[PDB]
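Colleague: Need coordinates for the following:
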Amino acid sequence: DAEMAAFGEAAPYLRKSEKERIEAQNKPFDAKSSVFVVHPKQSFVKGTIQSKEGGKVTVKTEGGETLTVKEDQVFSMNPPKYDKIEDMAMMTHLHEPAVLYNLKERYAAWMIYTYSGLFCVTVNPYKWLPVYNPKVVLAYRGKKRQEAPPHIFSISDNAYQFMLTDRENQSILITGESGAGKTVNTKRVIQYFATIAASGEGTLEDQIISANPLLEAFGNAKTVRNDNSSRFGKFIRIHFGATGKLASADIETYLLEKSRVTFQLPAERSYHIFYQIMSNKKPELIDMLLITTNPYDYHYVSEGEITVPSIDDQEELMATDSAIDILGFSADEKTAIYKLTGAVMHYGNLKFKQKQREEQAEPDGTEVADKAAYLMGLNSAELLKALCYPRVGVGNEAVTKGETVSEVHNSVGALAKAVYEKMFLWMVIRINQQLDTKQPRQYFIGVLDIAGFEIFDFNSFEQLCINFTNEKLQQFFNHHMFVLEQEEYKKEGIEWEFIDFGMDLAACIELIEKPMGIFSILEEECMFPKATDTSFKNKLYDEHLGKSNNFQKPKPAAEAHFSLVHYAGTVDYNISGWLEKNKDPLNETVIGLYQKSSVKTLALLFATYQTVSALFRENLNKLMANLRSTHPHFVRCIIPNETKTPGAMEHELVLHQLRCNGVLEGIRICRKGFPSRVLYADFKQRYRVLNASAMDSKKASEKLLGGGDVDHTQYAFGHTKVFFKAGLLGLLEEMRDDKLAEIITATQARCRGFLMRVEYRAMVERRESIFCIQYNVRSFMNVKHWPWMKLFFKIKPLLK
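Modeller: Numbers count the residues shown, from 1 in each chain. Provided below are the atomic coordinates:
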């Protein structure tokens, strides 16, 4: 309260009033009966234990329901002292339910930032908050996370701190599902850096920023979950200087959703750019590109939806536009970009027909080709030929091959995608180029934004790539934690031995990335001119099946070819298209043309003209390496309800995320050592009362534990604090709880007593003053009707 001022307005969303707290922590609690429990419809709901079936349990509910569930379908409930704990990992009850429940409660109270160990959980508000408030920014400036409530700037500032304090580089790993809202955070983190440490005495700080809105036009789109979903991953290196002021940046893109460019689900839409451009805010563009304003003229981009109410395509177009400029692009390039982005639309309009009596493809017109050709700095003909009569090079020569209608339509689409991609890559590079300064760099802070392990009934190639990324990231953490943990027990002097927590995952990783592992078998077969998905499949089995544990054959319940056992769970993978997808087949004749375009930029993009998965790995390595020479800082973004409602949460939906997040695994690892750790004074005060009759701030706590019918095992002391297992501290409190009933109940009484004791002193005083009043009135009632008295009355005045 006193403290909070800086935020003031934000306060309510960060922390609660000092009594709201007090009124919550200091309330009645019955441990032995209060509990969390399993629940067929709702995941876990709370209840009170009624009876005990010897290994069955009957419980009442909170809503009113009675269920008899197993002994382990029943989970304890934290004392009220842990209501809306900033750090769930401080709880003495490391369960599945208690975690769900803590998040949930502080959300219904509009607190989106709650920590779970090292993590910084974040829940989508689905509404506006004064949190990103320009006052807060300062507030969180120069503060350890113990000096302030759970928030992202905490993480983000500490990084900075730590950056200069330890002289080590840092990282922030943001991760969550499609609708969790990471970009938002990422961006928000970024601003943070720029603000709190700017040297733009236009400027980096803007380019840095301006970056986003370009990438977003090209790599973002309306997903059925988000309205501005990130369809790619990213890694920025903010290179801080020596002083501590901004010096450079560095972007890198991973796994772009090439498919949007050509397709789109029914409730979704393609990249924004397209819709931006056809919006008509810059009419020249429309004529320049040779298109219309009606998207239904471009199949590639109107398969799903065209307009989104929450987005103003017109405004963005400029945003985008302007960003390009700031970004230092040449008009020409800025022209290539546009012109190139329209060609692609046109391609999807390119039509063909079967040559008569032949199964060959022949152009169905030179209307569109003409445009595509011109826009790319190509020749209509040359183009349509190459497309139709792909001139290959089998043997030591160049053999002209004929294609089918179906083959063309598909190749076209392949270039459309190919071109878009590349371009996107280029833009990034060009950005990076501007973001390159000469000034010295001493450290950087990496901000990684990528997707998290998502499980679908249908898991294809793309899923593997992402999952693999995450399973790595996870191990990355598990280790950092192992390293970290072990320092405490070393600092304190506890005697705890334990194996790296990462190790548990090495099994899965090796199976994927190692030489005779999935990828390899995948990338080898890609070399066999006559291999099949089926072929590949068998190779996969013959070599891993029965011999590898994490390797399994799918359990029918679409289809599946192989399941893997990732940390988050079992993923059923479908291998169909892989071979292809992995080959990135492109009509080289055409590429030829590009290579000699009049449109330099286009020419450039394709000068570098090996498998797909071959890089992904290389890039993913270059990354995980950059991640190592870093002090990892973790941020887990969460999505409350599919339905988009603030203050709400579906259970199992959040539960999911938690497992795949790492949150539930961090709790696990926590609960294996000595979770809760009490600082000695903090230990005295709160528990003295337990055997108060049994000094030093340390030796005391020691001495104290002398009493109690408690496991003298479950704890462990050390130089600054005691270590305790689970549900212990919970046990403590309980005893404590009883001890206050004693203390209070007795203190109440006297009061009560005393209270009335003063009433008697008043009653008594009053004794006569009443009478006086009593009798006095009565007189009058009698008198007022008496002649003599009325007389006296009229007369009483004439007197003196």
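
Colleague: residues touching residue 637, list them.
Modeller: 122, 124, 174, 175, 176, 180, 181, 182, 185 (C-beta atoms under 8 Å, 6 or more residues apart in numbering). Backbone N, C-alpha and C define where each C-beta goes, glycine included.

Colleague: Within the helices and strands, which one has the third one?
Modeller: Of the helices and strands defined by DSSP states H and E, residue 174 is found in strand 170-176.

Colleague: Walk me through which strands that strand pairs with, and which way each runs.
Modeller: Under the criterion DSSP bridges, strand 170-176 sits next to strand 443-451 (parallel), strand 631-638 (parallel) in its sheet.

Colleague: just so I know, which of the ones you listed lies nearest residue 52?
Modeller: Distance to residue 52, taken as C-beta to C-beta, is lowest for strand 631-638 among the strands paired with strand 170-176, at 35.9 Å.

Colleague: can you dump the C-alpha coordinates of the closest one into PDB?
Modeller: Provided in PDB are the C-alpha atoms of strand 631-638 (Å, rounded to 0.1, in the frame of the first residue of the first chain):
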ATOM      1  CA  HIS A 631      21.600 -16.700 -18.900                       C
ATOM      2  CA  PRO A 632      18.200 -18.100 -19.700                       C
ATOM      3  CA  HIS A 633      15.100 -16.200 -18.600                       C
ATOM      4  CA  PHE A 634      11.800 -17.900 -19.100                       C
ATOM      5  CA  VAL A 635       8.300 -16.600 -19.900                       C
ATOM      6  CA  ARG A 636       5.300 -18.900 -20.400                       C
ATOM      7  CA  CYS A 637       2.200 -17.300 -22.100                       C
ATOM      8  CA  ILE A 638      -1.200 -18.800 -21.300                       C
END
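
Colleague: helices and strands around the following helix or strand past that strand, which ones?
Modeller: Using DSSP H and E, the helix or strand that follows strand 631-638 towards the C-terminus is helix 651-661. Under the contact criterion of 3 or more C-beta pairs under 8 Å, 6 or more residues apart in numbering; DSSP states H and E, helix 651-661 touches helix 97-105, strand 170-176, strand 631-638, helix 663-670.

Colleague: Going along the chain, name the strands of the stretch 151-300 of the chain.
Modeller: Counting by DSSP state E, counting those that start in this stretch, the stretch 151-300 of the chain has strands at residues 170-176, 220-221, 229-230, 233-240, 246-248, 253-254.

Colleague: can you redo these as TSV with mean neighbour count and distance to residue 40?
Modeller: Written out in TSV, the entries for the strands of the stretch 151-300 of the chain read as follows (neighbours: other C-beta atoms under 10 Å; distance: least, C-beta to C-beta, whole Å):
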stretch	mean neighbour count	distance to residue 40
strand 170-176	25	28
strand 220-221	25	38
strand 229-230	22	33
strand 233-240	23	38
strand 246-248	22	54
strand 253-254	19	40
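
Colleague: mind putting the contacts of residue 637 in CSV, distance to residue 685 included?
Modeller: Written out in CSV, the entries for those read as follows (distance: C-beta to C-beta, whole Å):
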residue, distance to residue 685
122, 33
124, 39
174, 39
175, 39
176, 39
180, 40
181, 41
182, 41
185, 38
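
Colleague: Closest one of the residues you listed to residue 334?
Modeller: Checking the contacts of residue 637 against residue 334 by C-beta to C-beta gives residue 182 as the nearest, at 28.7 Å.
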